[PDB]
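Report on the following structure.
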Amino acid sequence: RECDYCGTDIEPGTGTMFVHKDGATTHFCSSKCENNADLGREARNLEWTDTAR
Amino acid sequence: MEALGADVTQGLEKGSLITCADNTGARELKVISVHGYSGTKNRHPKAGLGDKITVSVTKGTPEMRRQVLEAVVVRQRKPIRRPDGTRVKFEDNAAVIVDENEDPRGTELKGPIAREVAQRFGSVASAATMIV
Amino acid sequence: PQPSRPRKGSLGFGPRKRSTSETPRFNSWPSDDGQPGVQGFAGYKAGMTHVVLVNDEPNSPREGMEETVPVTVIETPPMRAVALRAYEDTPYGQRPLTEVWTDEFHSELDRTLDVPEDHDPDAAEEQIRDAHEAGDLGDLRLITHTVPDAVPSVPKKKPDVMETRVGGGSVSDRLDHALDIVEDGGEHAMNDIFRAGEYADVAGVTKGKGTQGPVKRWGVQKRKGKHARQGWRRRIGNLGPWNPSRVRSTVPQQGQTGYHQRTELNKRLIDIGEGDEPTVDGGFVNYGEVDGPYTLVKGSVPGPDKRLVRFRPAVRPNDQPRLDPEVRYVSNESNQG
RNA sequence: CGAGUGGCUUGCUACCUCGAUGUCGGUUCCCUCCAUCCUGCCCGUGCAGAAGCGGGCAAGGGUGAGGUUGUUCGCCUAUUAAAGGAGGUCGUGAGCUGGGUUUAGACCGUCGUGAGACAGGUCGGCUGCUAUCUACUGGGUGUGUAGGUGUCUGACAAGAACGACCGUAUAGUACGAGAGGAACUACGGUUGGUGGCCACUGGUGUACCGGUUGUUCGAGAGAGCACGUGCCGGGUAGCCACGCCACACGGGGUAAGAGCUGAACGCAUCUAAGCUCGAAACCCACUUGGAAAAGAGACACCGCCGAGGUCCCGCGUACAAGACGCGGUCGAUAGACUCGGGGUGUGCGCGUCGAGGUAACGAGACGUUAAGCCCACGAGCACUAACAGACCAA
RNA sequence: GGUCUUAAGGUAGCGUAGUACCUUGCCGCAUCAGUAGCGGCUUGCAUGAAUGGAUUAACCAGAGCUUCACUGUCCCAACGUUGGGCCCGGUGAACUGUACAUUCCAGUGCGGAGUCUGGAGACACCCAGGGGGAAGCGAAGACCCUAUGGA
RNA sequence: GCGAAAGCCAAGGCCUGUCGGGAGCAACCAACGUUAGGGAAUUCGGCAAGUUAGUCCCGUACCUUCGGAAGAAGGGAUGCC
RNA sequence: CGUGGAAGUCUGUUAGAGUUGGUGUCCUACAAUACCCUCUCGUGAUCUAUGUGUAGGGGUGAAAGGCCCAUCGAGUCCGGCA
Ligand SMILES: COC(=O)[C@@]12OC[C@]34[C@H]([C@@H](O)[C@@H]1O)[C@@]1(C)CC(=O)C(O)=C(C)[C@@H]1C[C@H]3OC(=O)[C@H](OC(=O)/C=C(\C)C(C)C)[C@@H]24
Ligand SMILES: [Cl-]
Ligand SMILES: [Cl-]
Ligand SMILES: [K+]
Ligand SMILES: [Mg+2]
Ligand SMILES: [Mg+2]
Ligand SMILES: [Mg+2]
Ligand SMILES: [Mg+2]
Ligand SMILES: [Mg+2]
Ligand SMILES: [Mg+2]
Ligand SMILES: [Mg+2]
Ligand SMILES: [Mg+2]
Ligand SMILES: [Mg+2]
Ligand SMILES: [Mg+2]
Ligand SMILES: [Mg+2]
Ligand SMILES: [Mg+2]
Ligand SMILES: [Mg+2]
Ligand SMILES: [Mg+2]
Ligand SMILES: [Mg+2]
Ligand SMILES: [Mg+2]
Ligand SMILES: [Mg+2]
Ligand SMILES: [Mg+2]
Ligand SMILES: [Mg+2]
Ligand SMILES: [Mg+2]
Ligand SMILES: [Mg+2]
Ligand SMILES: [Mg+2]
Ligand code: NA
Ligand code: NA
Ligand code: NA
Ligand code: NA
Ligand code: NA
Ligand code: NA
Ligand code: NA
Ligand code: NA
Ligand code: NA
Ligand code: NA
Ligand code: NA
Ligand code: NA
Ligand code: NA
Ligand code: NA
Ligand code: NA
Ligand code: NA
Ligand code: NA
Ligand code: NA
Ligand SMILES: [Sr+2]
Ligand SMILES: [Sr+2]
Ligand SMILES: [Sr+2]
Ligand SMILES: [Sr+2]
Ligand SMILES: [Sr+2]
Ligand SMILES: [Sr+2]
Ligand SMILES: [Sr+2]
Ligand SMILES: [Sr+2]
Ligand SMILES: [Sr+2]
Ligand SMILES: [Sr+2]
Ligand SMILES: [Sr+2]
Ligand SMILES: [Sr+2]
Ligand SMILES: [Sr+2]
Ligand SMILES: [Sr+2]
Ligand SMILES: [Sr+2]
Ligand SMILES: [Sr+2]
Ligand SMILES: [Sr+2]
Ligand SMILES: [Sr+2]
Ligand SMILES: [Sr+2]
Ligand SMILES: [Sr+2]
Ligand SMILES: [Sr+2]
Ligand SMILES: [Sr+2]
Ligand SMILES: [Sr+2]
Ligand SMILES: [Sr+2]
Ligand SMILES: [Sr+2]
Ligand SMILES: [Sr+2]
Ligand SMILES: [Sr+2]
Ligand SMILES: [Sr+2]
Ligand SMILES: [Sr+2]
Ligand SMILES: [Sr+2]
Ligand SMILES: [Sr+2]
Ligand SMILES: [Sr+2]
Ligand SMILES: [Sr+2]
């Protein structure tokens with residue numbers, strides 16, 4: 001699988017799956033990405049993410 | 001009970017205010033007890049995803065309010081662990097009111113459900129819109 | 001009427017003092033069934049990683065599916081069975097009779113022992129055989145050591161010596177099996193004793209936590225509410241009643257925590273191999289890189305990284321062996337991050 | 001109606017303490033009793049079954065969370081296998097709490113001429129001490145057994161290391177008109193307890209990186225202070241639980257009980273001799289300790305002019321002192337350097353753009369730049385430091 | 001009862017009260033459950049009119065109760081920070097002390113023993129600890145009674 | 001900055017709120033920071049802690065002795081150039 | 001609508017006064033009444049320095065038997081007194 005946030009490949013047997021209110025599913029690779037998402041930051045605007053570069 | 005196929009970290013306690021994910025008229029549920037549970041001294045009796053709990057209707061319609069009914073924990077904020085090691089967490093803590101035969105009291109279920117709850121309580125599954 | 005509650009901690013691992021030998025000593029051995037063989041092996045703890053496995057259990061609804069299982073990587077290089085000790089049945093229990101040594105010794109075994117120069121392996125062997133004829137022979141065990149020099153991440157070169165039993169067939173056939181291992185060079189591997197998928201018992205000396213209080217040591221409560229602010233936070237209520245006018249050894253008190261011998265039962269061996277398949281990126285934290293003979297033990301194992309752990313076939317298994325599990329993936333992801 | 005046992009209630013007595021043995025309730029932590037609430041094995045039934053009622057053996061384990069009340073007691077709620085009772089100075093204030101009782105202040109009711117009273121109510125109203133001995137938890141130093149290294153033995157010692165529940169198959173089956181509705185056994189899981197461990201999830205992380213407010217070093221750059229990080233955001237290692245792993249069966253002997261053979265008593269009789277069975281209880285099994293077990297142990301090798309040990313030195317898998325463990329050039333033990341692996345999130349400077357503005361000036365944007373800064377981990381690497389050298393010892 | 005003591009015989013109000021013994025009074029509100037709190041009833045053991053009754057906006061480090069919000073108060077504890085604590089140099093008290101003293105389980109005894117009796121255990125010394133016991137240390141008991149005591 | 005407020009800093013004063021050295025520096029204690037999910041279940045009692053917060057705009061109930069209640073409550077805004 | 005600027009008026013660690021809770025720290029103390037945080041008043045029946053007056057069955061007391069030099073339901077000293 002791939003991270004619905006940064007875009008790196010989530011190492012199997014690792015990660016969290018957040019289920020939104022509507023039912024949407026967001027797979028996160030680490031706590032860092034979850035916390036950046038909670039800050040209202042969009043993955044495209046950050047330079048370290050694979051989504052941007 | 002039948003194995004869930006997931007390791008749960010009980011996110012609720014006795015006295016917790018949760019959401020009622022159905023059309024029964026009940027908006028907010030308060031946990032009173034957890035079926036088949038026996039604690040230890042000083043421990044607050046804990047409830048989690050897939051547990052059959054006893055609840056009291058806090059907020060809702062006059063006819064539904066103050067009633068002591070049984071329910072099933074459908075969603076929880078604290079993460080649970082799936083066999084492939086992945087953690088799964090929800091936006092809220094929710095439960096669906098159930099009867100003596102484990103059939104949902106309402107007709108339509110609001111919001112998503114976990115697949116392990118669906119496997120355990122079948123009539124709640126075949127009433128669920130989304131199963132994650 | 002004051003609620004009942006089980007006592008804080010167990011009394012079966014007492015006294016909670018520092019271990020005498022850092023090398024674990026088994027107190028029990030498996031039953032004699034099949035073909036004669038050494039009843040245990042040893043290695044050095046490396047660290048942890050996870051593995052994706054295919055469910056072997058026939059009674060599981062998930063039989064055949066992908067399952068992530070935690071694993072402790074242990075470097076298990078070949079060991080050397082340098083001697084054969086024989087015990088005799090005396091009215092005071094089992095007492096050591098004689099030992100049959102060798103000529104071939106490892107270059108750095110003289111860091112622990114006063115290595116034999118003059119020995120008679122034949123007179124010792126004769127003494128054991130006269131005892132067998134007499135029906136006075138007890139059990140047959142091998143004096144074994146490890147080769148820490150084979151492990152680059154472990155600083156010590158000084159071998160860890162321990163005794164291991166040989167059980168199996170008749171006392172006559174296993175005496176011979178034991179002598180054959182010794183008379184060569186004593187070299188044996190994990191393969192010779194264990195097969196992947198079997199349940200083993202891991203013995204180890206725990207992580208040293210020094211002196212800790214009752215809350216950490218015995219799991220007693222911290223002082224609650226108002227009691228927590230008065231000058232007492234992590235001290236128990238009382239050391240006992242008025243009568244008996246003494247403090248019982250059963251009351252949770254302060255002292256040594258960790259560095260105790262533990263024998264962790266029914267540990268599944270996920271995979272035995274050689275090379276660098278379980279090594280983590282950047283190396284195992286506070287250990288190093290693995291490139292040699294290893295074992296993958298399901299779950300946790302007592303002791304810290306670099307510590308000598310011991311193996312033994314399970315004396316009390318609950319499940320039937322499900323040999324050679326299908327390892328679909330072993331993680332190599334950095335333990336840092 | 002009669003006979004008792006207990007010492008949990010109350011009462012009686014006035015033996016003990018008035019140069020003081022700190023109160024009630026609660027709490028925390030430890031041991032115990034059985035008159036057993038549950039769990040195991042049983043007998044009876046007004047025992048079809050299911051669910052029960054009564055009784056027997058049995059103290060291994062369990063007996064929990066909450067609402068009113070200071071309450072003990074009790075009433076009440078929802079769970080539960082069950083939410084038993086009691087002793088330990090009504091266990092427990094050189095442990096806690098201080099809500100009640102029971103000082104000094106005050107009010108109300110009642111009584112009193114009054115001061116003032118009340119086995120009435122009410123608001124407020126203090127918690128001392130550096131452990132000598134002993135006791136236990138852990139840690140060392142010596143002596144005894146009478147040179148050393150390594151490996152063991154097992155007298156004894158501890159354990160609950162395990163207890164309990166739900167679900168599936170058995171089975172909509174036996175049983176019963178029906179309603180209703182089991183068991184043996186095999187499985188899966190949960191709960192409580194226990195021990196350990198950190199790959200994963202989670203917490204911390206006043207290591208570290210970034211943002212930013214005020215002020216000071218002229219601005220910039222780069223910094224100090226704002227309580228021991230100014231605040232906000234992220235967070236490695238480690239330590240952790242909220243995370244993860246492990247914790248039988250089976251033997252042996254019994255209790256209640258079910259029986260066999262069997263006599264006194266030709267018969268009968270489970271018992272008197274003998275015997276087959278049979279409890280979560282007992283013993284073994286398993287885990288932990290254990291040569292100071294005074295019968296003070298065993299084996300193997302090394303050595304008595306030399307085996308081994310200590311000091312020293314570099315360090316932790318160890319650590320409050322002490323102890324323990326490893327390495328010491330025949331070397332990777334620690335540091336520097338370089339990689340690898342990680343944290344943060346794109347440096348200073350310069351260039352382009354930038355709402356405007358005559359210009360001066362300009363918050364900010366883009367590029368250079370997966371940049372810059374940083375690392376409690378790993379590898380490579382003898383460059384630096386493990387040098388020099390001292391002592392004991394049959 | 002349909003007067004009698006001793007003059008009158010409780011009026012407005014308020015009322016289970018900081019006053020109500022019975023008592024957790026009964027009904028209701030609220031909670032899953034409320035000896036609490038509030039409203040109503042109220043025969044008030046023993047309410048009540050400047051011994052002032054009732055009522056009340058505003059005020060309060062005054063007593064009680066409920067809700068929202070918040071949170072390590074709790075479930076259930078973890079990691080960290082600073083000062084101690086531990087080791088070393090220097091300085092350097094006090095409390096307390098009939099004697100003896102390695103105790104433990106029972107018993108006995110002025111009925112609550114480290115010292116008596118019987119057993120069990122126990123090699124000496126030292127470090128750290130939390131305080132079970134010395135009916136620990138501290139104060140010739142304020143409680144209670146007594147004294148031909150005091151104020 | 002509203003300020004004789006905080007915080008920072010001059011002039012001036014001081015390193016004498018006068019014992020030091022060492023151990024990633026253990027237990028335990030005093031002060032304190034951060035704790036997932038739950039959120040008073042704690043307790044006689046939210047004790048302790050925390051929440052809120054400055055300024056402007058909108059808006060503001062019962063009751064009232066007409067003064068008050070009231071900053072009721074509730075909503076929005078807030079920098080730099 | 002503005003002006004005016006009243007008040008035993010409000011917010012306020014302004015100075016200053018006071019002392020609710022923590023039943024925190026201390027409790028052979030730093031201290032024979034201390035430390036810290038929290039809390040109250042702060043234009044008035046306000047707070048305060050100095051000077052001055054009231055004396056022991058007497059003062060003083062917005063009253064607690066409070067205070068009258070660590071002494072108060074009758075100060076302290078010495079005497080009566082052995
Ligand atoms: C330190 O105090 C004591 O030792 C007392 O012992 C227990 C005790 C006493 C006395 O024994 C003794 O004086 C009783 C046990 C005596 C008694 O007879 C009785 O009926 C009661 C109610 C006592 C309880 C307890 O009472 C205290 O006041 C009494 O405590 C006090 O008297 C006084 C204390 C703590 C100080 C103010 C000195 C207790
Ligand atoms: Cl419950
Ligand atoms: Cl406590
Ligand atoms: K007394
Ligand atoms: Mg409790
Ligand atoms: Mg990690
Ligand atoms: Mg990760
Ligand atoms: Mg005492
Ligand atoms: Mg009985
Ligand atoms: Mg018992
Ligand atoms: Mg409670
Ligand atoms: Mg008591
Ligand atoms: Mg005591
Ligand atoms: Mg006390
Ligand atoms: Mg004390
Ligand atoms: Mg009270
Ligand atoms: Mg009171
Ligand atoms: Mg009432
Ligand atoms: Mg009148
Ligand atoms: Mg007296
Ligand atoms: Mg008196
Ligand atoms: Mg008189
Ligand atoms: Mg939390
Ligand atoms: Mg408070
Ligand atoms: Mg004057
Ligand atoms: Mg008075
Ligand atoms: Na204290
Ligand atoms: Na006591
Ligand atoms: Na009797
Ligand atoms: Na009695
Ligand atoms: Na008590
Ligand atoms: Na029992
Ligand atoms: Na109760
Ligand atoms: Na007592
Ligand atoms: Na008490
Ligand atoms: Na006290
Ligand atoms: Na048996
Ligand atoms: Na009257
Ligand atoms: Na006032
Ligand atoms: Na805290
Ligand atoms: Na003591
Ligand atoms: Na006017
Ligand atoms: Na104060
Ligand atoms: Na006088
Ligand atoms: Sr051994
Ligand atoms: Sr043993
Ligand atoms: Sr206190
Ligand atoms: Sr005693
Ligand atoms: Sr039973
Ligand atoms: Sr409560
Ligand atoms: Sr009682
Ligand atoms: Sr009662
Ligand atoms: Sr008790
Ligand atoms: Sr009190
Ligand atoms: Sr009372
Ligand atoms: Sr009274
Ligand atoms: Sr001797
Ligand atoms: Sr069934
Ligand atoms: Sr049916
Ligand atoms: Sr600072
Ligand atoms: Sr029998
Ligand atoms: Sr010996
Ligand atoms: Sr009347
Ligand atoms: Sr004696
Ligand atoms: Sr102490
Ligand atoms: Sr200056
Ligand atoms: Sr000085
Ligand atoms: Sr943080
Ligand atoms: Sr409450
Ligand atoms: Sr607002
Ligand atoms: Sr107080
Ligand atoms: Sr102090
Ligand atoms: Sr004091
Ligand atoms: Sr405080
Ligand atoms: Sr003010
Ligand atoms: Sr004023
Ligand atoms: Sr005199």
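Residue names in the structure tokens use chain letters A, B, ... in the order shown, residue numbers from 1 in each chain, and ligand numbers from 1 in the order shown.
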
Point to revise | Who sits within 9 Å of region 22-32 of chain A, only C-alpha atoms (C1' of nucleotides), same chain under 3 positions skipped, as a PyMOL selection string | key: (chain A and resi 1-11+14-19+35-37) or (chain B and resi 111-113+130-132) or (chain D and resi 234-235)

Point to revise | 9 Å shell around ligand 17 using only C-alpha atoms (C1' of nucleotides) and all ligand atoms, listed as a ChimeraX atom specification | key: /D:99-100,122-125

Per-residue nearest contacts chain D to chain C, cut-off 6 Å, using only C-alpha atoms (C1' of nucleotides), as a Markdown table:
```
| residue | atom | partner | partner_atom | distance |
| --- | --- | --- | --- | --- |
| D:28 | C1' | C:237 | CA | 4.0 |
| D:29 | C1' | C:238 | CA | 5.4 |
| D:30 | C1' | C:240 | CA | 5.3 |
| D:91 | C1' | C:241 | CA | 4.5 |
| D:92 | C1' | C:241 | CA | 5.1 |
| D:95 | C1' | C:237 | CA | 4.9 |
| D:96 | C1' | C:227 | CA | 5.7 |
| D:135 | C1' | C:246 | CA | 4.7 |
| D:136 | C1' | C:247 | CA | 4.7 |
| D:137 | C1' | C:253 | CA | 5.2 |
| D:138 | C1' | C:255 | CA | 4.1 |
| D:149 | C1' | C:113 | CA | 5.7 |
| D:150 | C1' | C:113 | CA | 5.7 |
| D:153 | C1' | C:95 | CA | 5.7 |
| D:158 | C1' | C:12 | CA | 5.4 |
| D:159 | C1' | C:12 | CA | 3.6 |
| D:196 | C1' | C:302 | CA | 6.0 |
| D:197 | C1' | C:300 | CA | 4.8 |
| D:199 | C1' | C:49 | CA | 3.7 |
| D:245 | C1' | C:299 | CA | 4.4 |
| D:246 | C1' | C:265 | CA | 5.7 |
| D:248 | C1' | C:318 | CA | 5.9 |
| D:288 | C1' | C:13 | CA | 4.2 |
| D:298 | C1' | C:95 | CA | 5.5 |
| D:299 | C1' | C:96 | CA | 5.0 |
| D:300 | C1' | C:99 | CA | 5.9 |
| D:301 | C1' | C:116 | CA | 5.2 |
| D:302 | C1' | C:114 | CA | 5.0 |
| D:317 | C1' | C:307 | CA | 5.7 |
| D:326 | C1' | C:156 | CA | 5.7 |
| D:340 | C1' | C:282 | CA | 5.8 |
| D:341 | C1' | C:282 | CA | 3.6 |
| D:342 | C1' | C:336 | CA | 5.5 |
| D:377 | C1' | C:285 | CA | 5.0 |
| D:378 | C1' | C:283 | CA | 4.8 |
```

Proximity of chain E to chain B: per-residue shortest pair, 10 Å limit, only C-alpha atoms (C1' of nucleotides), as CSV:
```
residue,atom,partner,partner_atom,distance
E:31,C1',B:66,CA,9.0
E:32,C1',B:56,CA,6.5
E:74,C1',B:44,CA,8.7
E:75,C1',B:44,CA,4.9
E:76,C1',B:43,CA,8.6
```

Selection above as a file: C-alpha atoms (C1' of nucleotides), as a PDB file, in the first residue's frame:
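Below you can see out.pdb, which holds the result:
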```pdb
ATOM      1  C1'   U E  31     -30.396  10.133  38.110  1.00  0.00           C
ATOM      2  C1'   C E  32     -29.402   3.666  35.500  1.00  0.00           C
ATOM      3  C1'   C E  74      -9.983   8.652  39.065  1.00  0.00           C
ATOM      4  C1'   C E  75      -9.629   4.179  35.285  1.00  0.00           C
ATOM      5  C1'   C E  76      -3.640   3.578  35.683  1.00  0.00           C
TER       6        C E  76
END
```

With 9 Å as the cut-off and only C-alpha atoms (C1' of nucleotides) and all ligand atoms counted, what is the closest atom pair between each nearby residue of chain D and ligand 51? Distances in Å to one decimal, ordered by chain and number, as a Markdown table.
```
| residue | atom | partner | partner_atom_place_in_ligand_line | distance |
| --- | --- | --- | --- | --- |
| D:24 | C1' | ligand 51 | 1 (Sr) | 8.3 |
| D:25 | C1' | ligand 51 | 1 (Sr) | 8.9 |
| D:72 | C1' | ligand 51 | 1 (Sr) | 4.6 |
| D:73 | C1' | ligand 51 | 1 (Sr) | 7.8 |
| D:90 | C1' | ligand 51 | 1 (Sr) | 6.7 |
```

Contacts of chain D with chain A up to 8 Å, shortest pair per row, only C-alpha atoms (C1' of nucleotides), as a Markdown table:
```
| residue | atom | partner | partner_atom | distance |
| --- | --- | --- | --- | --- |
| D:200 | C1' | A:14 | CA | 6.1 |
| D:234 | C1' | A:32 | CA | 7.0 |
| D:345 | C1' | A:48 | CA | 6.4 |
| D:346 | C1' | A:47 | CA | 7.1 |
| D:370 | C1' | A:48 | CA | 6.4 |
```

Check your understanding: Can you list, as JSON, numbers by chain, every protein, DNA or RNA residue that comes within 10 Å of region 61-70 of chain F when you count only C-alpha atoms (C1' of nucleotides), leaving out same-chain residues fewer than 6 positions away?
Key -> {"E": [56, 57, 58]}

Restrict the selected residues to N, CA, C and O atoms (P, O5', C5', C4', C3', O3' and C1' of nucleotides) and save them as a PDB file, in the first residue's frame.
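Saved the output as out-v8.pdb:
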```
ATOM      1  P     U E  56     -38.629  35.535  49.024  1.00  0.00           P
ATOM      2  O5'   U E  56     -37.764  36.730  48.425  1.00  0.00           O
ATOM      3  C5'   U E  56     -38.361  37.661  47.514  1.00  0.00           C
ATOM      4  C4'   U E  56     -37.740  39.028  47.668  1.00  0.00           C
ATOM      5  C3'   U E  56     -36.242  39.119  47.448  1.00  0.00           C
ATOM      6  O3'   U E  56     -35.892  39.104  46.061  1.00  0.00           O
ATOM      7  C1'   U E  56     -36.830  40.361  49.371  1.00  0.00           C
ATOM      8  P     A E  57     -34.559  38.337  45.587  1.00  0.00           P
ATOM      9  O5'   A E  57     -33.778  39.413  44.707  1.00  0.00           O
ATOM     10  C5'   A E  57     -34.332  39.931  43.484  1.00  0.00           C
ATOM     11  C4'   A E  57     -33.849  41.344  43.246  1.00  0.00           C
ATOM     12  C3'   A E  57     -32.351  41.543  43.347  1.00  0.00           C
ATOM     13  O3'   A E  57     -31.713  41.198  42.126  1.00  0.00           O
ATOM     14  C1'   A E  57     -33.445  43.215  44.608  1.00  0.00           C
ATOM     15  P     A E  58     -30.254  40.532  42.150  1.00  0.00           P
ATOM     16  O5'   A E  58     -29.385  41.588  42.964  1.00  0.00           O
ATOM     17  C5'   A E  58     -28.966  42.809  42.352  1.00  0.00           C
ATOM     18  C4'   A E  58     -28.138  43.610  43.318  1.00  0.00           C
ATOM     19  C3'   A E  58     -26.951  42.890  43.928  1.00  0.00           C
ATOM     20  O3'   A E  58     -25.821  42.909  43.080  1.00  0.00           O
ATOM     21  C1'   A E  58     -28.156  43.973  45.635  1.00  0.00           C
TER      22        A E  58
END
```

Exercise for review: Any chance you could list, as a ChimeraX atom specification, the residues in chain A that come up strand (DSSP E or B) when DSSP is run on the backbone?
Suggested key: /A:2,9,16-19,25-28

Kindly save the residues from that selection, with N, CA and C atoms included, as a PDB file, in the first residue's frame.
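Dumped everything to part-v9.pdb:
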```pdb
ATOM      1  N   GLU A   2       0.171   2.386  -0.294  1.00  0.00           N
ATOM      2  CA  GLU A   2       0.810   3.699  -0.344  1.00  0.00           C
ATOM      3  C   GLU A   2       0.065   4.662   0.587  1.00  0.00           C
ATOM      4  N   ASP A   9       5.712   4.396   0.307  1.00  0.00           N
ATOM      5  CA  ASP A   9       5.171   3.048   0.452  1.00  0.00           C
ATOM      6  C   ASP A   9       5.169   2.657   1.926  1.00  0.00           C
ATOM      7  N   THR A  16      -1.510   3.321  10.436  1.00  0.00           N
ATOM      8  CA  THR A  16      -2.840   3.533  10.994  1.00  0.00           C
ATOM      9  C   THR A  16      -3.809   3.861   9.852  1.00  0.00           C
ATOM     10  N   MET A  17      -5.065   3.456  10.025  1.00  0.00           N
ATOM     11  CA  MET A  17      -6.127   3.707   9.062  1.00  0.00           C
ATOM     12  C   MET A  17      -7.174   4.558   9.768  1.00  0.00           C
ATOM     13  N   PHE A  18      -7.322   5.803   9.327  1.00  0.00           N
ATOM     14  CA  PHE A  18      -8.321   6.693   9.905  1.00  0.00           C
ATOM     15  C   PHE A  18      -9.597   6.626   9.073  1.00  0.00           C
ATOM     16  N   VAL A  19     -10.713   6.399   9.754  1.00  0.00           N
ATOM     17  CA  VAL A  19     -12.019   6.333   9.113  1.00  0.00           C
ATOM     18  C   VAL A  19     -12.713   7.662   9.417  1.00  0.00           C
ATOM     19  N   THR A  25     -11.784   6.628   3.867  1.00  0.00           N
ATOM     20  CA  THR A  25     -10.681   5.950   4.514  1.00  0.00           C
ATOM     21  C   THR A  25      -9.325   6.513   4.120  1.00  0.00           C
ATOM     22  N   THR A  26      -8.543   6.873   5.140  1.00  0.00           N
ATOM     23  CA  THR A  26      -7.211   7.442   4.961  1.00  0.00           C
ATOM     24  C   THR A  26      -6.138   6.628   5.662  1.00  0.00           C
ATOM     25  N   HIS A  27      -5.286   5.993   4.864  1.00  0.00           N
ATOM     26  CA  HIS A  27      -4.181   5.197   5.381  1.00  0.00           C
ATOM     27  C   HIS A  27      -2.990   6.110   5.588  1.00  0.00           C
ATOM     28  N   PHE A  28      -2.446   6.083   6.801  1.00  0.00           N
ATOM     29  CA  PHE A  28      -1.291   6.897   7.171  1.00  0.00           C
ATOM     30  C   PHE A  28      -0.104   5.999   7.440  1.00  0.00           C
TER      31      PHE A  28
END
```

Check your understanding: What lies within 12 Å of residue 34 (chain B) using only C-alpha atoms (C1' of nucleotides), ignoring chain neighbours under 6 positions off, as a PyMOL selection string?
Key -> (chain B and resi 10+12-16+44-55+70-73) or (chain D and resi 65+78-80+191)

If the cut-off is 6 Å, can you tell me the residues of chain B near chain D, counting only C-alpha atoms (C1' of nucleotides)? I'd like them as a CSV table (one decimal) with N, CA and C atoms, in the first residue's frame.
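Full text of selection.csv as output:
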```csv
chain,number,residue,atom,x,y,z
B,1,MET,N,-17.9,-15.0,23.8
B,1,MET,CA,-18.5,-14.7,22.4
B,1,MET,C,-17.6,-15.2,21.3
B,2,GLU,N,-18.0,-15.0,20.1
B,2,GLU,CA,-17.2,-15.4,18.9
B,2,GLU,C,-16.1,-14.4,18.7
B,3,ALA,N,-14.9,-14.9,18.4
B,3,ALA,CA,-13.7,-14.1,18.1
B,3,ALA,C,-13.9,-13.0,17.1
B,32,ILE,N,-23.7,2.1,30.8
B,32,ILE,CA,-24.0,1.7,32.2
B,32,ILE,C,-23.2,0.4,32.5
B,33,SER,N,-23.2,-0.6,31.7
B,33,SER,CA,-22.5,-1.8,31.9
B,33,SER,C,-22.0,-2.5,30.6
B,38,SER,N,-16.4,-8.5,34.2
B,38,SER,CA,-16.1,-8.5,35.6
B,38,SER,C,-14.7,-7.9,35.7
B,39,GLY,N,-14.6,-6.8,36.4
B,39,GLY,CA,-13.4,-6.1,36.6
B,39,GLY,C,-12.5,-6.6,37.7
B,40,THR,N,-11.8,-5.6,38.3
B,40,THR,CA,-10.9,-5.9,39.4
B,40,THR,C,-11.1,-4.6,40.3
```
